[PDB]
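What follows is one structure encoded as C-alpha cells, with my remarks underneath.
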Amino acid sequence: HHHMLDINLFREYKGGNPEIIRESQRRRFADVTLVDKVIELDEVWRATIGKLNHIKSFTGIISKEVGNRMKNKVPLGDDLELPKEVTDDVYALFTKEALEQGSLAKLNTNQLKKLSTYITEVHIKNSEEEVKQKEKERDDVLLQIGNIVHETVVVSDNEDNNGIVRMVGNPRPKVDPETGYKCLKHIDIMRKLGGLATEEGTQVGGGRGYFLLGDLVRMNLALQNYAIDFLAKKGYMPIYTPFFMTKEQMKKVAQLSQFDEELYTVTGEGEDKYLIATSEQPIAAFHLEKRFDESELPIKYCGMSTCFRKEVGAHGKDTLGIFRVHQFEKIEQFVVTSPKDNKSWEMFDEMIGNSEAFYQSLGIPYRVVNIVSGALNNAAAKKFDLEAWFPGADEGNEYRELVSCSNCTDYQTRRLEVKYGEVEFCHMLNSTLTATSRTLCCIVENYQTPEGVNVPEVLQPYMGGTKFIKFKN
Amino acid sequence: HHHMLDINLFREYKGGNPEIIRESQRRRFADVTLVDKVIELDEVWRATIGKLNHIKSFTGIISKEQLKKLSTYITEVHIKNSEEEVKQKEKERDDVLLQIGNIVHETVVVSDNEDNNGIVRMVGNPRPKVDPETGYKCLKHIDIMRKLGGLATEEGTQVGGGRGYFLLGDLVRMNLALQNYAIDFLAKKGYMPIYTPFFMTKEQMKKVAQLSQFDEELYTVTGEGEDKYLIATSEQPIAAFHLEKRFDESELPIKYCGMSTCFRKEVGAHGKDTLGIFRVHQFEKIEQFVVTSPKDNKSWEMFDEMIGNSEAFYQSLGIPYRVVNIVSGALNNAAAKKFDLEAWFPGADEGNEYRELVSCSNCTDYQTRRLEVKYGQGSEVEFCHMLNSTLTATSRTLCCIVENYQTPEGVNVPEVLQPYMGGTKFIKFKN
Amino acid sequence: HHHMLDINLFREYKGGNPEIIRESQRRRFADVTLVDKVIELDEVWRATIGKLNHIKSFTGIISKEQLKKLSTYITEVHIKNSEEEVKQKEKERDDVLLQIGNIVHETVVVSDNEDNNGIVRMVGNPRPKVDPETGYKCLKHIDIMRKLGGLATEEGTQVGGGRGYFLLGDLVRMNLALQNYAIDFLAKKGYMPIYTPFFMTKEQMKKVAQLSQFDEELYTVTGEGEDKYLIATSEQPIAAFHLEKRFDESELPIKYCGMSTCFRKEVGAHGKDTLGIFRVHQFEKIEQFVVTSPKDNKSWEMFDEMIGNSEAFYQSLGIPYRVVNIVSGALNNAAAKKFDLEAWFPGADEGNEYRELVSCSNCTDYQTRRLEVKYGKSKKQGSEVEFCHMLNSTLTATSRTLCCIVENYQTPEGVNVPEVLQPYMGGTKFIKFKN
Amino acid sequence: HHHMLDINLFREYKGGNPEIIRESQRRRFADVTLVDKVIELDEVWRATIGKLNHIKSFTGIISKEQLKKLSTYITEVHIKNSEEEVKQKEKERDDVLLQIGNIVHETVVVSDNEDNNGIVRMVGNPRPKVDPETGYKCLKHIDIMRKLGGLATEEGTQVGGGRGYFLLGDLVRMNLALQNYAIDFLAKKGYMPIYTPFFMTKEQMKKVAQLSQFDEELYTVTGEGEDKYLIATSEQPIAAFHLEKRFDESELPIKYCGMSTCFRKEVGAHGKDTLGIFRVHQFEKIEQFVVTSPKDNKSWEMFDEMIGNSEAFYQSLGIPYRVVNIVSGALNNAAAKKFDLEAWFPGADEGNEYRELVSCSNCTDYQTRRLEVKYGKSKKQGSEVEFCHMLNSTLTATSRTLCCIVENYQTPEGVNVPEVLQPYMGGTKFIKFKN
Ligand SMILES: Nc1ncnc2c1ncn2[C@@H]1O[C@H](COP(=O)(O)O)[C@@H](O)[C@H]1O
Ligand SMILES: Nc1ncnc2c1ncn2[C@@H]1O[C@H](COP(=O)(O)O)[C@@H](O)[C@H]1O
Ligand SMILES: Nc1ncnc2c1ncn2[C@@H]1O[C@H](COP(=O)(O)O)[C@@H](O)[C@H]1O
Ligand SMILES: Nc1ncnc2c1ncn2[C@@H]1O[C@H](COP(=O)(O)O)[C@@H](O)[C@H]1O
C-alpha cells in the first residue's frame with residue numbers, strides 16, 4: 001500500500017501516520033520539520049474553530065434570556081449603551097458561574113440585543129476570519145511537502161547510486177575488434193552526412209541553434225510518425241497540443257523553480273505565456289476540474305509537440321550537436337488512472353514497458369535505471385529512466401538518458417482538481433516515448449559504418465524505403 | 001526585361017530610368033515623391049564629393065611650394081569635415097531608397113482593391129455545396145472536426161489563450177501524413193528538406209522582415225541570451241541562412257523544402273476567421289524556398305515552376321482551386337509579383353467559398369540585397385534572386401480536406417494520404 | 001612556458017602553435033573546430049589585405065602617369081570596397097577567437113567529471129561525525145543556528161523570497177567578526193581594502209562575465225538610469241576598476257582586499273542546498289584580487305601565494321580542509337587553473353562532508369585583454385602590446401564559513417567561538433543554545 | 001493624550017472626534033475632505049447593514065409560519081445582494097481611510113516650509129570655517145577624500161553609473177570602524193543586532209512604504225522568482241519581520257540594532273549634492289528600530305530615548321550638531337513626529353553648514369496596523385484589538401558621517417582619527433594626505 005499525501009495522513013488521532021511523511025522527507029533529503037509544522041498549524045486551526053463555536057453559543061444564550069423576558073412581560077428598559085466593562089471583556093459574562101450569579105440580569109433587554117449584535121460584529125466575524133487565515137497557513141505549508149516516495153525507490157542523494165534495474169540489447173564496441181574502426185560521435189556523423197548546420201543555426205537562433213537538412217529531416221519525421229502509430233495501436237489517443245500556455249495554467253502543472261531555469265516567456269498577444277517544455281504540461285492542464293468514473297478510466301494519450309527549454313542550469317554541458325538543445329520534438333505517453341488497486345503502479349510498468357519495446361524495435365541498446373529518492377522532483381513518487389548506449393561518447397559517458405517515466409499519483413490531480421468518481425482524486429503518469437533529436441544522435445552512432453549510416457529496419461517504410469545515408473564528406 | 005531597384009536606376013544621365021520607379025510606386029499606391037527625394041539627395045551627394053576633391057586638390061597645389069601649418073589646417077578642418085559629410089549624405093540617401101518598394105512586374109493587375117485580383121485559372125471539379133440527389137448540405141470544417149471528436153477548442157483556449165486548440169485522433173495522424181507527404185513530394189523534385197530554428201535573434205529577423213511585422217505578427221521570446229522572435233514562416237530563417245554568402249552560376253538554383261511550426265499574433269485579424277483552425281496562432285507549414293541566378297529571367301521561370309508545384313500538390317489531393325493574381329496595391333515591399341492558390345471550401349458561407357491556401361512570390365533581389373547574397377566587380381557586385389511559395393500549411397489544408405471529403409457518416413481520407421496514415425480509408429463521426 | 005591566447009598562436013608558419021589551442025579545447029571538452037575556423041578567417045583576412053594593397057598599386061602606376069576618371073572609379077568602387085571587406089573579416093575572425101577558452105595549464109587534471117578533481121593535500125584534524133565516547137552525533141548548521149535562536153528562514157523567505165534569511169544576535173556578531181578579522185588578515189599581507197559599487201553597467205559587466213552568467217547568476221536592477229546588474233562577487237567591479245589602464249613593472253603587483261555583499265540568482269541550483277545559509281542569494285565575501293606582471297611565471301607564483309593565504313586563514317580558525325585541483329572540463333572560459341579549498345562539515349549527510357569554501361583562479365590575461373589592462377606604459381610594441389595578468393581567490397564568504405564554524409565548534413550545549421575570533425567578539429568564548 | 005487613527009475616531013456621536021482628524025490634515029497641508037468622505041461612507045455602510053438585518057427579519061417572520069418560494073427569492077435576490085453591498089461599502093470606506101496621514105503630534109511645528117523647522121538644541125563647539133590665526137579654510141569632504149587617495153568617483157561612475165564610487169585604504173577602515181563602533185554602542189544599550197534580506201517582495205514592501213517611494217526611491221530587482229525591491233533602509237525588512245505577530249506587555253519593548261546596505265534611486269534629487277559620497281545610491285546604515293506597547297505614552301518616551309542615543313553617539317565622536325523639529329507639512333504619512341540631527345560641515349558652501357545625519361520618527365501604530373502587529377495575545381476585544389507602536393532612528397549612515405568626520409577632523413596635512421574610533425582602526429591616529 002502506497003500512501004497519498006493529504007492532511008489526514010498528518011493526524012495521528014484520525015488514523016493517520018505522520019512518521020510516513022517524515023520518512024519520505026528524509027528520503028528526499030528535504031525539510032523534515034515541515035511535518036511537525038503542519039501538525040502544529042492543523043491543531044491551532046482546529047482549536048480556533050472551537051473558540052468560534054464557543055463565541056457562537058453566546059448568541060443562543062442571549063436570545064433564550066430575551067425570549068424568557070418577553071414571555072414574562074419584562075419591560076425593555078431605556079435605550080442604553082453597553083457598559084465599557086462589558087465590551088472590554090464579553091467572555092466574562094458567559095461562564096457558568098457568572099450566569100448563575102446574574103451576569104445578564106445587570107443588562108436590560110435593549111442592552112442584551114445590543115450585546116448580541118456586538119458579539120456578532122466584533123467577535124464572531126473576527127474569529128471566522130482567523131479560522132480562514134489559519135486554514136490557508138496550514139495548507140501553504142502542506143503544499144511544500146513532496147509526494148510520498150515509493151518503497152521501491154533507491155534511498156540516496158547521489159545519482160551515482162541510481163539502481164541499474166536491467167540491461168537490454170547488444171551494444172556495439174566503441175572500437176571494432178577486427179578492423180580497429182573507432183565509432184564516431186553523433187555531431188561528426190551528422191556533419192559528414194551534410195545534415196547538420198550548427199553554424200547558421202547559432203547565427204540565426206542563438207546558442208544551441210541548429211538547422212537539420214536532408215535525410216536526417218526525413219528520419220526525424222519517420223520517428224514521429226512511427227512513434228504515433230506505435231502508441232495509437234496500443235490504445236494511446238494521439239493529441240497535438242498548444243505550444244503556449246498562460247502563466248496561470250502553467251503554474252498548475254509545474255514547479256515554480258522550472259520557471260527560471262526551464263521556461264521561455266512569450267509576449268505580444270493577449271496574456272503573457274510560456275513556451276511548453278513538454279506536451280505533458282498542456283495535456284495535464286487539459287484535465288483541469290474534470291471528474292472521471294471507474295468506467296471512464298484509464299485515459300491514455302500519445303502527446304505530440306515541439307518542446308522548448310532554456311537549459312539555464314546546463315551551460316557548458318553537452319554543447320556539441322543536437323543532444324541537448326532548446327528546441328526538439330517529443331512523443332509523450334500520458335495516462336490518467338483510477339486511484340484504486342495499485343492501478344497507477346501497474347500502469348507505470350506498462351508505460352516503461354512501452355518505451356522498452358519501442359527502443360528494442362529500433363535496435364537501440366539501453367539500461368533501465370531506478371532514480372534515487374533525493375533526485376525526484378516534488379510530484380514524482382517514483383521515476384525510471386531508460387539510458388541508451390552511445391558508442392561514440394567520451395569514456396565513461398556511454399549511457400545517457402533518452403526516456404524518463406514517472407508515477408505522480410495524485411500530487412498534480414489535486415492541484416488540477418481531477419476528481420475520481422472528501423473527494424477522491426485520479427492518478428497521473430507520464431513517460432517519454434521518443435525525443436527525436438537525441439534519439440537521432442543515438443541512432444546515427446549505433447548504425448554508423450565507415451561509409452555512412454544504416455537506417456533502422458523499422459524506420460525504412462516511414463522514409464520511402466531509404467536503407468542507407470551515405471557520407472558526403 | 002524586369003528592372004532591379006538600385007541607385008543607378010534613379011540616375012537618368014547614367015542610363016537609368018527613374019520614371020520606372022515612379023510608375024512602380026503609383027501601381028503600389030505608395031509615396032511617389034520618394035523617387036525625387038532620392039534623386040535630390042543623390043545629386044547633393046555627388047556634388048559634396050566634388051567639393052571634397054576640389055578641396056583635396058588644394059593640398060597638392062600647396063605641396064609643390066612654416067608653409068606646412070596651412071596644409072595641416074586644410075586636412076584637420078576641411079578635408080575631414082567634407083569626408084564625414086559625404087558619409088552623412090550617403091547614409092541619408094540610402095535611407096530613403098530603402099523605403100521604396102520593389103519594382104512591380106508588368107503582369108501584375110494594377111489596382112488598390114483586392115476585389116480586382118485576377119482569376120488566372122480554375123482547376124478541378126468542386127463538389128456542390130448541397131448534394132442535389134439527397135439534399136445533404138456540406139458542413140463547415142469546425143463542425144466536421146468536432147463531430148469526429150478530433151478538435152478541442154474549449155480546452156485549447158483555456159490552456160493556450162485565444163485561438164488555442166488541441167487536435168486529437170486520426171486528424172493528428174492526417175496532420176503528420178500531410179507533412180510527411182509534402183516533404184517526399186518536394187524532395188523528389190530536388191528540394192532539399194530543411195528543419196529550422198523556430199527562434200530568431202532580433203538582429204537576424206530585422207534582415208528578413210518588414211518593421212510592421214514586429215507589431216502585427218511576431219511574438220517576442222525572452223529568458224535565455226538575447227531576446228528573440230518566434231518565426232512566422234520557415235522562409236525567415238531559411239533566408240537568414242544565406243546571410244553574406246556568394247554563389248556562382250554553377251551553384252544555382254538552390255531549392256529548399258522548409259519545415260517548421262509557425263507562430264503569428266494575428267493582431268490585425270481579431271474577429272476574423274474565429275471558428276476552428278483555419279486561422280490560428282500556431283500551425284505547421286511546408287514551404288518552397290529557392291535562390292536563383294539574376295540572369296535571363298531565371299527567377300521568373302522558377303516562379304512558374306513553384307506555383308506549378310503547389311498546383312500539382314493540390315491536384316494530387318483532389319482539392320479544387322483557382323490561381324489568383326494579387327493586385328499591385330496589395331503586394332508587400334519585397335514582392336514584385338504574387339500568385340495565391342485559393343481552394344474551394346464547400347461548407348463556407350455564401351460568397352466565401354474560395355480561400356487562400358498558398359501564396360507564391362518572386363522578390364527578385366530585394367531581400368538578397370539586405371542579406372548580401374551575392375551572385376558570382378568591386379562594390380558594383382550583383383545579387384541573387386529569392387522566391388518563396390507555400391506547399392501546405394497543414395491546419396488550414398486539413399480544414400479544406402474535411403469539407404471536400406465529408407459524407408453524412410464521416411470523412412474519406414484522400415487517396416494519396418492513405419499510405420501515410422497506415423492505410424486508413426475513412427474517419428467515422430463519433431457524434 | 002604557459003601560453004597566452006592570441007591570434008599569433010594560431011599561425012603555425014609565423015611562429016605560432018595552433019595544436020596547443022586545439023589541445024586546450026579538447027581538455028575543456030569544448031569545440032575544437034573553433035581553432036581551424038579562426039585560422040581560415042585569418043588567412044582570408046590576410047589575403048584580402050593583399051588584394052587591397054595590390055589594388056592600391058593601381059593608383060601609383062596610373063596616377064603617376066583623359067583616363068583620370070578611371071583612378072577615381074578604382075578608388076570609389078574597388079579600394080573602398082576592399083577596405084570595408086578587411087574590417088569585416090577582421091571582426092569576423094576576432095569574434096570567433098573570443099569564443100575560445102583560456103589555455104588550460106599543464107598541471108590541471110584532464111577530465112570532464114569533477115569526481116576526478118585532484119586531492120592536492122589535506123590539512124587539519126577533522127572531528128568525527130559521531131563522538132566515539134558519548135555517541136553524540138554532530139548536528140547540521142541549520143539546526144544549530146536555530147537552536148541558538150540566531151536564524152530566521154521563515155521571516156526571511158516571507159520578507160525576501162526564496163532562500164531569504166534574517167540573522168540575529170551573537171550569530172550576527174560572529175558573521176561580522178569573520179569579515180573584520182579577514183580584512184585585518186589580508187591588510188597585514190599588504191592587500192589594500194577596497195569597497196566597490198554593488199551595481200555594474202551592462203557594458204562593463206560584459207567585459208568581466210561570460211554570457212551564461214547573465215541568465216544563471218546576475219540579477220538585473222532597474223529604475224535609475226540604464227538597467228544595471230547586481231555584482232556576484234567583488235572580483236567583477238575590482239577588475240573593471242582597471243579598465244584601460246597601463247602599468248609598468250615597478251607598479252606591479254597590485255593587491256586588493258575586496259569586500260562586498262554578493263548577489264546570486266542560483267538558477268542552476270534550484271533544489272540544491274536548500275537548508276540554511278550555506279547557499280543563498282545574498283552574502284558578504286572578503287576577496288583576494290591581484291594584478292601581476294605577465295613576465296617570468298609571476299602570476300603562477302602569485303596563485304600559490306593566494307591559495308596559501310586562504311589556507312593559513314582556515315588553519316588559524318582551526319577549520320580542517322583539503323585543497324582540490326579542479327578538472328579541466330569544469331573550468332570557466334577565463335580560468336587557466338583553479339584550486340578550491342573544501343572544508344570539513346561534520347554534520348553533513350554521508351558522503352557530503354567536504355564542501356567548497358574557497359576558489360582560487362589564475363585567469364592570466366583573458367580578462368585584461370577585454371578590459372585593456374596593458375603591461376608597460378610605453379607603446380614601443382604598438383598594437384603588439386602585452387597585457388597584465390589577473391587572479392582572484394576567496395578569503396571568506398561568511399554565511400557558508402559560519403555554517404562550517406558552528407558544525408565544527410559545536411558541543412551539546414552550544415557553540416565554542418574560535419579562539420582567533422574571540423577578540424573580535426568582545427571576548428565572547430561561547431554561544432549557548434536557547435532551545 | 002495622542003490619538004491613534006482608526007474608524008472610531010471619525011464617529012462624533014459614538015465617542016469619536018473627527019475634528020482632530022481634520023486638524024491633522026490641515027497641519028499636513030493635505031486633503032481635509034477625506035475626513036468627511038470617510039464619515040459619509042461609514043454612515044452608508046452602517047445603513048446598509050441596517051437594511052440587510054431588516055431584510056433578514058423577513059425570514060423569521062415568514063419562515064416561522066405554498067408561499068415558501070418567496071423566502072428563497074428574498075434570500076437569493078435581496079439578502080445576498082445586501083450582503084455583497086455591505087462588503088463593498090466597507091472596502092470603499094477603508095480604502096479612503098488608508099489615504100489619511102497619521103495624527104500629527106501636538107508638539108510638531110505647524111508649517112508647510114522646512115525653513116521653520118524648530119531648532120530644539122545645539123550641542124558642541126563647531127570649528128570655524130576659516131582658522132582665525134592662519135586663515136586656513138576648511139576643505140570640503142570630496143577634496144579631502146581625494147587628497148587622501150581614498151575615493152574614486154571616476155572609476156565609480158564608469159563601473160556603477162551615476163553617483164557610483166569606490167573607497168580605498170584607510171577611508172575604508174574608517175568606514176568600517178563607524179559601523180563596528182555603532183553596533184557595539186547600541187549593543188551596550190540592549191539593542192539586538194539583526195542582519196536582513198536586502199530584497200523585499202512587493203506584497204511586503206507595500207505594507208511598509210508609501211506609493212510615492214516606489215517611483216522616487218526603490219530599485220526593482222528581477223531575474224529570480226517574482227520581481228522584488230531593494231531596501232532603502234533596514235527599517236523596511238525589520239518592520240516586515242513582525243508581520244502578523246502578537247506581543248504581550250511583558251514582551252515589549254523590542255529593540256533592534258539594524259544593519260544593512262541601503263539602496264536609493266534619489267530620483268527626486270537629481271542635480272542635488274552631486275559631489276562625493278554625501279548623497280549616493282548605496283550606503284551602509286546602522287539603525288535603531290523599536291516596537292513598544294501602545295500604553296501610557298511609552299512610545300513617546302522611547303522617541304526621546306532614541307534621539308538621545310543618537311546624540312550621545314555624535315557627542316562621543318566630537319561632532320557638533322543641532323536637533324531639529326521637522327515641520328508638520330514635511331512629515332510622511334506614517335510619522336506622527338520626526339526629529340532630525342543636523343551636523344556641522346565646516347567645509348560646506350555658505351549657508352549650508354548644518355546638514356541632516358539622523359532622522360528619528362515615532363510612527364505609533366500606522367505601520368503596525370498594516371502589518372497586523374497586535375498588542376496582547378488575548379482576543380478579548382475581538383476585532384477591536386489594539387496594535388503595537390513602532391519607531392525608527394538612524395544611528396549612523398556611514399558614507400555621509402564619514403564626510404562629516406573628515407571635514408571636522410581635517411588639518412593642512414591630513415585627517416585626525418576621532419579618539420573613540422582609534423581602537424577600531426588598530427590604533428591609527430592620523431591619515432596623511434597623499435597629494
Ligand atoms: N534540452 C534537451 N534537448 C534535447 N532533448 C532533451 C532535452 N531535455 C530533455 N530531452 C529529452 O526529453 C526526455 C525527457 O526529459 P525530461 O522531461 O527532463 O525528463 C529526455 O530523456 C531526453 O530524451
Ligand atoms: N494565422 C494563420 N493560421 C493558419 N494558417 C495560416 C495563417 N496565416 C497564414 N496561413 C497559411 O499560410 C499560407 C501562407 O501565408 P502568408 O505567409 O501570409 O503568405 C496561407 O496561404 C495559409 O495557408
Ligand atoms: N550562492 C552562494 N551562497 C553562499 N556562498 C556562496 C554562494 N556561491 C558562492 N559562495 C561562496 O563564495 C565562494 C566563491 O564562489 P565562486 O565565485 O563561485 O567561486 C565559494 O567557495 C563559497 O564559499
Ligand atoms: N541618498 C543617500 N545617500 C547617503 N546617505 C543617505 C541618503 N539618504 C539618506 N541618507 C542617510 O540616512 C539617514 C536617514 O535617511 P531617511 O531614512 O531618509 O530619514 C539620513 O539622515 C542620512 O544620514
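In the C-alpha cells, chains take letters A, B, ... by order of appearance, with residues numbered from 1 within each chain and ligands from 1 in the order shown.
All of the residues in chain D within 6 Å of chain A are residues 380, 382 and 383 of chain D, where only C-alpha atoms were counted.
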query = How would you write, as a PyMOL selection string, the set of residues in stretch 68-193 of chain A that DSSP gives as helix (DSSP H, G or I)?
reply = chain A and resi 68-71+84-88+90-93+96-100+104-106+109-142+159-161+186-192
inquiry  = What's around residue A:387 at 10 Å? Count only C-alpha atoms, leave out sequence neighbours fewer than 6 positions away in its own chain, and write the answer as a VMD selection string.
reply    = chain A and resid 164 167 365 to 369 398 to 404
message = From a backbone DSSP assignment, name each residue in stretch 99-209 of chain C labelled strand (DSSP E), as JSON, numbers by chain.
response = {"C": [118, 119, 120, 121, 122, 123, 151, 152, 166, 167, 168, 192, 193, 194, 195, 199, 200, 201]}
task = Return as a PyMOL selection string every polymer residue, whether protein, DNA or RNA, with at least one atom no more than 8 Å from an atom of ligand 3; count only C-alpha atoms and all ligand atoms.
result = chain C and resi 232-233+263-266+277-283+285+340-341+356-360+393-394+396-401
Residue contacts of stretch 287-290 of chain C (8 Å, only C-alpha atoms) excluding same-chain residues fewer than 3 positions away, as a ChimeraX atom specification = /C:186,191,234-235,238,253-259,306,390-396
